[PDB]
């Protein structure tokens, strides 16, 4: 089905353009590294509490991510309502554990997890989980 074509675009990449909504209602755009879980139909991203994107999502959790197909022109967009963890606050906390799981999915096994844990707390990192509620776009064969 059309949905499978769009989800194939998302599964075939690890970078996308995240659109959050500013205080005044206009879109704010940035790029993000992500992991796609096909079982739960989730996109997971690590974001830092001080950043504009995170501040925007705390106010209005609606998020979209556009992903390019392997031709660099066809694309898919996932829409959903973001679920954010609290910022990492102690090296052993549940947010840090979720960020360790994400790192393993995106980057593999870290050489010094204690360093990683410290860094997550220092950077006040947050795990953004976006359940995909809707997909649209122009996948390969349609451009």
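Positions refer to the first chain, counted from 1.
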query: Given 104 to 112 and 74 to 82, the range whose Cα B-factors average higher in the PDB entry; finding: 104 to 112
query: Top residue by Cα temperature factor, when 17, 121, 9, 130 are compared in the entry; finding: 130
query: Selection from 88, 66, 42, 69 [criterion: highest C-alpha temperature factor in the record]; finding: 42
query: Chain thirds of CA B-factor: placement of residue 30; finding: middle
query: Ranked against its chain, the third holding the CA B-factor of residue 58; finding: middle
query: CA B-factor placement of residue 125, once the chain's modelled residues are sorted into thirds; finding: lowest
